[PDB]
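>>> Build me a model from this:
(7 chains)
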Amino acid sequence: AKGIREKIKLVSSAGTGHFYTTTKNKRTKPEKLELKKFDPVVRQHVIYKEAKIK
Amino acid sequence: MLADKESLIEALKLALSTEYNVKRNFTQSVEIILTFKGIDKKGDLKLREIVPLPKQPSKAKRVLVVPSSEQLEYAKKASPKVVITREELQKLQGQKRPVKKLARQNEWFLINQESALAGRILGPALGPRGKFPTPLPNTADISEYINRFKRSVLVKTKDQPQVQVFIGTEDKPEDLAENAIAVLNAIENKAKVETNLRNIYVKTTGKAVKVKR
RNA sequence: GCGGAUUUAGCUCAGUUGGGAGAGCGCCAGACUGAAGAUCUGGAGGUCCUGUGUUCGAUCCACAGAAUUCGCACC
RNA sequence: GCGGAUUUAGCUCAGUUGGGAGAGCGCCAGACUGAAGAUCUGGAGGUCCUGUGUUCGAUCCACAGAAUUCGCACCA
RNA sequence: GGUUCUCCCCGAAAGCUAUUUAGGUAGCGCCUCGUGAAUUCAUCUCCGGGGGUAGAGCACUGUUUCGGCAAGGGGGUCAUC
RNA sequence: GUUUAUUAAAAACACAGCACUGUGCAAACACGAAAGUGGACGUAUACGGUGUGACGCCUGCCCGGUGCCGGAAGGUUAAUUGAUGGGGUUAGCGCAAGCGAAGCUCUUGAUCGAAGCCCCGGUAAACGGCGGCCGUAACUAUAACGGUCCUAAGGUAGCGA
RNA sequence: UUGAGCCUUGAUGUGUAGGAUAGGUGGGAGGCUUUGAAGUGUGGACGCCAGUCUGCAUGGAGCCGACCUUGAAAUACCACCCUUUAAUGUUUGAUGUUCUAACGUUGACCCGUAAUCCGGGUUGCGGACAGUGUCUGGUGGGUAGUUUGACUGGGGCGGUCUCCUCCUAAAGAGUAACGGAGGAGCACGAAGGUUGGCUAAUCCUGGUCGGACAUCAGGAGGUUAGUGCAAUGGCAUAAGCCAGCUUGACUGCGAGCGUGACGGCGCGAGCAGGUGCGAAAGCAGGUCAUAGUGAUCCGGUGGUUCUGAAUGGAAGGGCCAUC
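Numbering: from 1, shown residues only, chains lettered A, B, ... in the order given. You can find the structure just below:
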């Protein structure tokens, strides 16, 4: 976003729902490392790839 | 994508014109072509796509069958190309000429599980020019397994640069582009490489169309 | 008073992840010289300022203290 | 990160028939010398940048990643 | 810079936040004037405990000194600092 | 000398040579919008920069820095020139979702590219500049004699307030 | 002479088996045959030897192919496929190299003209030069400009509004000074949870691989402990703990309000959907929290049933993302 050792943005969209958001991750440590189950449709927590496909 | 229906419609309307359908002596054929760029030995772009044409053309397919005695009385009725029994496979054990005939001019070799001699007597004749056999169901009521194979083709390459497969005949290019895109879907489903395009054409019993895309 | 360098080999001084202590030079040996330096090849040479804490481990860093020392404050 | 090239010894780098992986300077040891330098010769020398796929066989062919690196995006 | 005739009560205008403030600025009053209203509001006697202004101790942590010894540590001597 | 009448009355200095320097000549300067008039009725020993400090000697040296510029072996990467990729705008092809061509156009930082300047060459008048600790003379201590530190570096061509 | 395209003209290959001089990518199993069309047979002449040439047959017989053999791999019959680059045609450009009706004539002859401007033609010169108009480059204080906080025991310094704790300053609140101590320019691939778990040291004595030490079984039972950079405070039915299971930290409204000056900052009875957490009682909006951003105006940008001066597409706006 501006720096190097930085708290950055990354575009996390849904496993079904099309919807996107972000808040934080960091290039400072290894990266192969996130998805979740969550839901911005709220109906059924199942699959959510993060900005990153883990 | 590889292509879409209208960019295949517009080019089969070309393929079945006299420009590209140069006529020999019979009701003639048309095909869907894909040649690849960076196509090499690794595996991620290698294919086997056994594809029943979603709208079948005028010239059906070369289906051999090997039924067991119970279902035979029905298999007798599904309009198979040629037939051999679960039994008489025991006699084909050495006969090169019959084997090379069947290999060279049939396309699909549908075989019951009890017929496992089938795994031995055909491979080295059929295999090198890429057509395949398959486990026929045990039922009497067999008909849509036969009808499917009597309208299917295959994406043969194991390591080589091109596909080109039968997809239509002389009379209705529009439906035949729903055949054409089905082969392309099998491919983009089996090989997510996409930019490995050299070219996409369509082709008759001779002349090929350098498609609009 | 604040901030800073600094008390690391005879000599000039380098050095730090934060776990080895360095080099031009000087000494000494090995020999070449009757001898010594050069030039040589090998060995060696440390108040790492002190305390404390972090810490695997402090020469280092932070904190507290000595003591030199530098600029500005002073009119 | 866009794309390309590059990464093989301490460093510069050969590495394109896929079959033995190495030269140069310098390091080392002998010869030479009175000692070294220089000349001469032998000897040393690797995360083949990473790691799998393909291969009978991989520095070599494919790809995902990285660092070295050239030009380069940019009206949040 | 300076109230160009008179009169009477409310009426310190003259301050909290500040302000790339320097007698300059946003709302604002403790103001009046026009609507509106309730025990609304203040001191007392009372309810009820948090405060730490005092004060006081030696409790802590920091220690006065004087006794009495707390494998602490000094001076002397044999001794190998 | 009568000079900046107006602070000094020169204790300012206007001289005047010259290495270099501006221009092989519609020459430099251009006041004026159009002059081509100074310089010219004239040539780089005429005329202009920036100065000069009698006269005559004398201008050591020293290029680290910064001037002055001048160049081209080659990198930074602009007008100039435009590989392309992505689109727009749209025929053809689609019961639809939508694909999708010329032409026209949007948009590349394609690839050259040295003003500067890394650079390369020369500058004594271009900018200013002369380093410290450890050991010292048949006496104090003078400070010749000393090993060196990648430190840019210690008073030098004098006469001594 | 040199750039970009295009085959009019070319040409960069020997190893064996295959009666035989085999780039490929591929379909399938047949392909030609009107006699002046096809091979197939056999001489003869050339040589940069890998090229061809010229004669004469026979010829509706069948011959080339999966079909029979061989091998690293077929070859009959069509599709597909031109580039590293030459020769020259056919599109077409551009630096040098120049000649010279541009041009400039502030050079001369001739000429109107007893003429300094000026008229004009021959000549003589150089040369597409000049010219200026934009874009890129710095070059220097040659017009014009500002005198930009305030803090001032009068100024030059050193320190602060910031957003922050402890002093200092007179309790609801505050009131510095070139004053006294010390400060944020940020923090997760978890420092993420809902169950469950408690008892640790130091030193005394034990004992493989010591020579301070590190899991240990017991002293005494001491409420003699710990703090990853900073700090002050937590306070123990432990949050410090740490192994299993595994990452709600919902989309939407809210009586009631705590309140302020436009942002804002705080949360909650109760109602919805069904939301995930649970045996059951039942709980709740994430790193230990204190330190972390935009007056807002302009920007940019990605999505849309929100619109858009007669419309229809639609600029531009709305919604809210994204900064």
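>>> Let me see the ranges of the strands in chain A.
A:7-8, A:12-13, A:20-21, A:25-26 (DSSP state E).
>>> Dump these into TSV; add mean neighbour count as well.
The way it works is simple: take the backbone N, C-alpha and C, and place the C-beta from them, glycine included. TSV is the format used below for the strands of chain A (neighbours: other Cβ atoms under 10 Å in any protein chain shown):
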stretch	mean neighbour count
strand A:7-8	13
strand A:12-13	18
strand A:20-21	12
strand A:25-26	14
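>>> Surely residue B:198 touches residue B:35?
Yes - using Cβ atoms under 8 Å as the test, residue B:198 is close enough to residue B:35 to be in contact (4.3 Å).
>>> distance of residue B:29 from residue B:97?
28 Å (Cβ to Cβ, to the nearest Å).
>>> more crowded one of the two?
residue B:29 (19 against 7; other Cβ atoms under 10 Å in any protein chain shown).
>>> give the contact list for the residue most central in space within chain B.
In chain B, the C-alpha nearest the mean C-alpha coordinate belongs to residue B:153, at 1.6 Å (Cα atoms, centre = their mean). Each residue near residue B:153 by Cβ atoms under 8 Å, 6 or more residues apart in numbering or on different chains is listed here: B:51, B:53, B:61, B:165-167, B:183.
>>> Next: residue B:201.
With the criterion set at Cβ under 8 Å, 6+ apart, residue B:201 makes contact with B:33, B:35, B:208-211.
>>> Contact residues of chain B facing RNA strand F?
B:3-7, B:9-10, B:13, B:174, B:212-213 (Cβ under 7 Å from any atom of the strand).
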